[PDB]
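Engineer: Submitted below is the structure of interest, expressed as structure tokens.
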Amino acid sequence: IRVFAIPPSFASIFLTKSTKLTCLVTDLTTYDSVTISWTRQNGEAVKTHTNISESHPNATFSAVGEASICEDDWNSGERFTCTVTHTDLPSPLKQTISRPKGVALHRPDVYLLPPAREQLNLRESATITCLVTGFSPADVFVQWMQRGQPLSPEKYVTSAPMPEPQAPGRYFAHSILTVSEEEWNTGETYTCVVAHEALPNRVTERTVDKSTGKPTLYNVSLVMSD
Amino acid sequence: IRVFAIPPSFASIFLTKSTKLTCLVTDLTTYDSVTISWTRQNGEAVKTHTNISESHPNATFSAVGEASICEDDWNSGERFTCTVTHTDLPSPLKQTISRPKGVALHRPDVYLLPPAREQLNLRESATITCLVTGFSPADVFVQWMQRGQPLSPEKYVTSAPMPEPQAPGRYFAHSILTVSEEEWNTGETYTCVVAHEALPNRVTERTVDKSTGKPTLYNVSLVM
Amino acid sequence: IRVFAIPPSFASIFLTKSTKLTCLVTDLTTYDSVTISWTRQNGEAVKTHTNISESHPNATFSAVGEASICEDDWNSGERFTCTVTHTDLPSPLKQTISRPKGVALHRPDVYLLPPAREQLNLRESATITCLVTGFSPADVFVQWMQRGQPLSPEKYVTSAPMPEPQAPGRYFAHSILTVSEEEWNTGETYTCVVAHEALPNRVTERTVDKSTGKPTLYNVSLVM
Ligand SMILES: *[C@@H]1O[C@H](CO)[C@@H](O)[C@H](O)[C@H]1NC(C)=O
Ligand SMILES: *[C@@H]1O[C@H](CO)[C@@H](O)[C@H](O)[C@H]1NC(C)=O
Ligand SMILES: *[C@@H]1O[C@H](CO)[C@@H](O)[C@H](O)[C@H]1NC(C)=O
């Protein structure tokens, strides 16, 4: 009998821009006459929940609450609790979610790496990496754009934040993408954009193409008696 | 009343070449004098395990048995069963474990990338990455060999065998490694040793130095 | 009246991954109803011995069989026993074999050399050499590779572990590989891979090709 609470997430906030908070209840029998409500840091009235979920595959009930908040009061570090009154449990279950933060903040650093040439020999596909390092906290967002139109999410894949061995509590992440060498050997910018809270504009991007090196080759033809 | 066992992983094997099967008896009341045992497919007796574990600080007792077999037998697939006997446990319990032979077999193609040029400006650190793509099945093992002696795994980080979006039956992995700039500027071939059970010798290596990949600037042509 | 066996060897382990044991008989009059007993140090027996050989054509006798033991026992030092029974003498003939551990475990050093300049003028064949030096004991198991495809062992020849002239406790070997010049003129990376027991991963490979001898900084030319 445990209740999982999801605070607002950076990825959903940036993608949908319809900030939502939801806590789901687990390990409860398939009963009814159970109401779920949300409370703020002051425990004020909230919005009615919608989109009731179906029971778990192992024959236990499940439900999700819905409400709306704002960044101006979420960022203050205040707590948020959802009230669940299960029929079986006389004591209602309350879960608290907030953001203590107050941690060493720093801007993420973004680097792109062009595909290796030994991959660019069999002439099937190439992979481009976008390494985001030295950022705290977690909940960063990455997506790839080709000439303005974002790529279909089924194409690229992203890692998950993990600690840095040479930095106390500073995270790290990866992101790769595959394009045909047919397209690569012609031209495209393939921008990688990262959305993190610590950035001054919250958004930075860095792009790379096939012609980003070639440091001014030189040809000399000494001629004698010819 | 949770029973589990840890089959010997590929990394567990190659880390010490000391394949061994252990049983996880956790989420039970803290007790003493607990008996764990194994068996073969035909019911033959097993070797005398020892070096049992202790209780968790979370009011839980962990029992670990050290059962050792040979890699030939384990690959042949001798079906084992962790039998745990204790005063509190009412009845014996059985668990079956093996490998589902019949998986797709493919060779992991390894590509090695140098650090970013824009990173090599702060003169602080570099992150060389070892990308292993298009293998089958999972559980690949990667280590970082500078030259000669190996390096501790507390200073480099490895990903998990995440599935490849383009290749479903195939997978991929990422292994990074930090180093100060002065070490990157005096050689340090920094090879990446990766071992998978589909390569003919089960081990392969790749190397990349700072003076690698640089194109040919001059094209002198003496004329006479 | 002498009986000599064949201990398992490092190269025979890597060449087949089908380890066996063979104990041979010689200097005894040919006979029948001769059985060789295969019991371990602890006294228990092993799988039967097959492939009964034919007596040597020099008025002597021989017998060979097959076994299967995982290398954990051999590394631990489990003394295998081949008790041949002969009608020449009533007392059974018992012999055992083992391995020592008092050996310097230095690592081998591998160098490749390209074909001679004058050989690449007659335009018929070329020979490429892989050299090993400075190891102990005698466990080289050197083989060749191209494009990830193993080559037939007929095309390359390996030498014995000849000792060093100066170094007292070190040995060396050699290996050549004949190859067509027109094939050698278009890539064919042609790596050689050694496998000793003092190597941390027990496998090491080096490679050389045509482009191995270029400054990768400039391309001088002579046009007329
Ligand atoms: C390089 O120099 C040679 C000699 O002058 C000349 O024949 C050749 O065309 C030059 N290559 C380029 C790309 O200019
Ligand atoms: C280098 O010069 C040679 C002639 O000396 C020419 O064949 C070749 O195309 C040149 N390389 C490039 C990249 O143009
Ligand atoms: C260098 O010159 C030789 C001789 O003309 C030519 O075969 C070779 O392709 C050249 N290399 C490059 C990179 O142009």
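Please note that chains go A, B, ... in the order of the structure tokens, that every chain numbers its residues from 1, and that ligands are numbered from 1 in the order shown.
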Show me which residues line ligand 3, defined as having an atom within 7 Å of a ligand atom where only C-alpha atoms and all ligand atoms count, and present them as number ranges by chain.
Structural biologist: B: 216; C: 219-221
Engineer: How would the residues just chosen look if you wrote them out with N, CA and C atoms as a PDB file, in the first residue's frame?
Structural biologist:
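Result file follows (part.pdb):
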ATOM      1  N   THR B 216      45.928  15.178 -44.350  1.00  0.00           N
ATOM      2  CA  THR B 216      47.193  15.584 -44.952  1.00  0.00           C
ATOM      3  C   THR B 216      47.073  17.025 -45.440  1.00  0.00           C
TER       4      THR B 216
ATOM      5  N   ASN C 219      52.760  14.624 -48.739  1.00  0.00           N
ATOM      6  CA  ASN C 219      52.780  13.593 -49.811  1.00  0.00           C
ATOM      7  C   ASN C 219      53.697  14.060 -50.947  1.00  0.00           C
ATOM      8  N   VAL C 220      55.013  13.895 -50.784  1.00  0.00           N
ATOM      9  CA  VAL C 220      55.991  14.309 -51.835  1.00  0.00           C
ATOM     10  C   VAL C 220      55.779  13.441 -53.078  1.00  0.00           C
ATOM     11  N   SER C 221      55.978  14.011 -54.271  1.00  0.00           N
ATOM     12  CA  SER C 221      55.775  13.258 -55.538  1.00  0.00           C
ATOM     13  C   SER C 221      56.860  13.637 -56.553  1.00  0.00           C
TER      14      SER C 221
END
Engineer: Could you please select, counting only C-alpha atoms, the residues of chain B within 12 Å of chain C and state them as a VMD selection string?
Structural biologist: chain B and resid 14 to 19 68 to 76 107 to 109 143 145 147 to 150 193 to 195 199 to 207 211 to 224
Engineer: Report as a PyMOL selection string all protein, DNA and RNA residues lying within 6 Å of residue A:82, evaluated on only C-alpha atoms, omitting residues in the same chain fewer than 3 positions from it.
Structural biologist: chain A and resi 37-39+94
Engineer: Could the residues in this selection be saved with N, CA and C atoms as a PDB file, in the first residue's frame?
Structural biologist:
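Resulting contents of selection.pdb:
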ATOM      1  N   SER A  37      -8.167  14.135  -4.076  1.00  0.00           N
ATOM      2  CA  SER A  37      -8.110  15.583  -4.190  1.00  0.00           C
ATOM      3  C   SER A  37      -6.687  16.050  -3.923  1.00  0.00           C
ATOM      4  N   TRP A  38      -6.379  17.245  -4.417  1.00  0.00           N
ATOM      5  CA  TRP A  38      -5.055  17.832  -4.294  1.00  0.00           C
ATOM      6  C   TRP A  38      -5.080  18.990  -3.304  1.00  0.00           C
ATOM      7  N   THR A  39      -3.921  19.260  -2.707  1.00  0.00           N
ATOM      8  CA  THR A  39      -3.752  20.390  -1.808  1.00  0.00           C
ATOM      9  C   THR A  39      -2.454  21.105  -2.151  1.00  0.00           C
ATOM     10  N   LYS A  94      -1.230  10.576   2.372  1.00  0.00           N
ATOM     11  CA  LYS A  94      -0.783  11.876   1.891  1.00  0.00           C
ATOM     12  C   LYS A  94       0.680  11.783   1.488  1.00  0.00           C
TER      13      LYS A  94
END
Engineer: Per DSSP on the backbone, what are the strand (DSSP E or B) residues of stretch 16-197 of chain C, as a PyMOL selection string?
Structural biologist: chain C and resi 22-26+36-39+45+80-84+93+96-97+109-113+126-135+143-146+149-150+156-158+162-163+171-179+191-194
Engineer: Between atom CA of residue A:195 and atom CA of residue A:10, what is the distance, to one decimal in Å?
Structural biologist: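 Atom CA of residue A:10 lies at a distance of 8.5 Å from atom CA of residue A:195.
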Engineer: Please write out the residues within 6 Å of ligand 1 as a PDB file with N, CA and C atoms, in the first residue's frame, counting only C-alpha atoms and all ligand atoms.
Structural biologist:
ATOM      1  N   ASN A 219      48.756  23.206 -51.295  1.00  0.00           N
ATOM      2  CA  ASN A 219      49.446  22.395 -52.333  1.00  0.00           C
ATOM      3  C   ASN A 219      50.632  23.191 -52.885  1.00  0.00           C
ATOM      4  N   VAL A 220      51.836  22.613 -52.837  1.00  0.00           N
ATOM      5  CA  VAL A 220      53.057  23.308 -53.344  1.00  0.00           C
ATOM      6  C   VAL A 220      53.677  22.463 -54.460  1.00  0.00           C
ATOM      7  N   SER A 221      54.099  23.104 -55.554  1.00  0.00           N
ATOM      8  CA  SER A 221      54.687  22.368 -56.703  1.00  0.00           C
ATOM      9  C   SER A 221      55.997  23.033 -57.137  1.00  0.00           C
TER      10      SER A 221
ATOM     11  N   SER B 221      54.782  18.465 -54.659  1.00  0.00           N
ATOM     12  CA  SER B 221      54.954  17.722 -55.936  1.00  0.00           C
ATOM     13  C   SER B 221      56.203  18.235 -56.658  1.00  0.00           C
TER      14      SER B 221
END
Engineer: Residues of chain A near chain B: apply a cut-off of 6 Å, count only C-alpha atoms, and supply the list as a list in words.
Structural biologist: residues 165, 217, 218, 219, 220, 221, 222, 223, 224, 225 and 226 of chain A
Engineer: If we count only C-alpha atoms, what is near residue C:106 at a cut-off of 9 Å, once residues fewer than 4 positions away on the same chain are taken out, given as a ChimeraX atom specification?
Structural biologist: /C:134-137,170,198-199
Engineer: Write out the residues from the selection above, keeping N, CA and C atoms, as a JSON list (two decimals), in the first residue's frame.
Structural biologist:
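Saved to out-v6.json:
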[["chain", "number", "residue", "atom", "x", "y", "z"],
["C", 134, "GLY", "N", 60.48, -12.44, -25.67],
["C", 134, "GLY", "CA", 60.61, -12.04, -24.28],
["C", 134, "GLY", "C", 59.63, -12.67, -23.31],
["C", 135, "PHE", "N", 59.04, -13.81, -23.65],
["C", 135, "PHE", "CA", 58.01, -14.42, -22.83],
["C", 135, "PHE", "C", 58.55, -15.63, -22.07],
["C", 136, "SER", "N", 57.69, -16.16, -21.20],
["C", 136, "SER", "CA", 57.91, -17.41, -20.47],
["C", 136, "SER", "C", 56.61, -17.80, -19.77],
["C", 137, "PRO", "N", 56.18, -19.07, -19.84],
["C", 137, "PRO", "CA", 56.72, -20.24, -20.55],
["C", 137, "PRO", "C", 56.39, -20.26, -22.04],
["C", 170, "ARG", "N", 64.01, -16.33, -21.05],
["C", 170, "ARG", "CA", 63.02, -15.85, -22.00],
["C", 170, "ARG", "C", 63.17, -16.61, -23.31],
["C", 198, "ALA", "N", 50.53, -14.85, -19.54],
["C", 198, "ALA", "CA", 50.84, -13.70, -18.71],
["C", 198, "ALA", "C", 50.17, -12.42, -19.19],
["C", 199, "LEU", "N", 49.51, -12.46, -20.34],
["C", 199, "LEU", "CA", 48.77, -11.30, -20.82],
["C", 199, "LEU", "C", 47.53, -11.09, -19.96]]
Engineer: Which residues are near stretch 60-63 of chain B? Cut-off 9 Å, only C-alpha atoms, ignore same chain within fewer than 6 positions. Put them as number ranges by chain.
Structural biologist: B: 23-32, 34-36, 52-54
Engineer: Since we have the selection now, will you write its residues out, keeping N, CA and C atoms, as a tab-separated table (two decimals), in the first residue's frame?
Structural biologist:
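What follows is the written file again09.tsv:
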chain	number	residue	atom	x	y	z
B	23	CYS	N	22.71	-17.18	-4.31
B	23	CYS	CA	21.28	-17.14	-4.04
B	23	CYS	C	20.97	-15.94	-3.15
B	24	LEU	N	19.91	-15.22	-3.49
B	24	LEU	CA	19.51	-14.02	-2.76
B	24	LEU	C	18.31	-14.35	-1.87
B	25	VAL	N	18.55	-14.43	-0.57
B	25	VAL	CA	17.50	-14.65	0.42
B	25	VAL	C	17.36	-13.35	1.20
B	26	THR	N	16.42	-12.51	0.79
B	26	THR	CA	16.24	-11.18	1.34
B	26	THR	C	14.75	-10.95	1.55
B	27	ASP	N	14.42	-9.87	2.26
B	27	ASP	CA	13.05	-9.50	2.61
B	27	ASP	C	12.42	-10.49	3.59
B	28	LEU	N	13.24	-11.07	4.46
B	28	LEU	CA	12.78	-11.95	5.52
B	28	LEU	C	13.25	-11.41	6.87
B	29	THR	N	12.73	-12.02	7.93
B	29	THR	CA	13.09	-11.60	9.28
B	29	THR	C	14.55	-11.94	9.57
B	30	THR	N	15.22	-11.07	10.32
B	30	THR	CA	16.61	-11.28	10.68
B	30	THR	C	16.77	-12.52	11.55
B	31	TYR	N	17.39	-13.57	11.00
B	31	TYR	CA	17.55	-14.83	11.72
B	31	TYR	C	19.01	-15.27	11.72
B	32	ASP	N	19.27	-16.48	12.19
B	32	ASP	CA	20.60	-17.05	12.20
B	32	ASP	C	20.52	-18.54	11.88
B	34	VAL	N	20.94	-20.21	8.81
B	34	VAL	CA	20.05	-20.49	7.64
B	34	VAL	C	20.80	-21.39	6.67
B	35	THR	N	20.12	-22.39	6.09
B	35	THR	CA	20.82	-23.35	5.20
B	35	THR	C	20.41	-23.13	3.74
B	36	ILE	N	21.38	-22.82	2.88
B	36	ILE	CA	21.09	-22.67	1.42
B	36	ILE	C	21.85	-23.78	0.69
B	52	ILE	N	29.14	-17.09	4.15
B	52	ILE	CA	27.79	-16.56	4.10
B	52	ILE	C	27.81	-15.07	4.42
B	53	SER	N	26.75	-14.38	3.99
B	53	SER	CA	26.64	-12.94	4.17
B	53	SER	C	26.03	-12.63	5.54
B	54	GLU	N	25.67	-11.37	5.76
B	54	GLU	CA	25.11	-10.94	7.03
B	54	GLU	C	23.78	-10.22	6.84
Engineer: Write out as JSON, numbers by chain which residues come within 7 Å of residue C:83 when counting only C-alpha atoms, dropping same-chain ones fewer than 6 positions away.
Structural biologist: {"C": [36, 37, 38, 92, 93, 94, 95]}
Engineer: Of the residues B:40, B:58, B:168, B:79, which is the one nearest to residue B:99, using only C-alpha atoms?
Structural biologist: B:79
Engineer: If chain C is superposed onto chain B by least squares using every Cα atom in order, what is the RMSD, in Å to one decimal?
Structural biologist: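 After least-squares fitting, the two copies differ by 3.4 Å C-alpha RMSD.
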Engineer: Enter the distance from atom CA of residue C:50 to atom CA of residue C:64, in Å, rounded to one decimal.
Structural biologist: 7.5 Å
Engineer: Find the spatial neighbours of residue C:183, counting only C-alpha atoms, within a cut-off of 10 Å - ignore same-chain residues fewer than 5 positions away - and output them as an MDAnalysis selection string.
Structural biologist: chainID C and resid 125:126 188
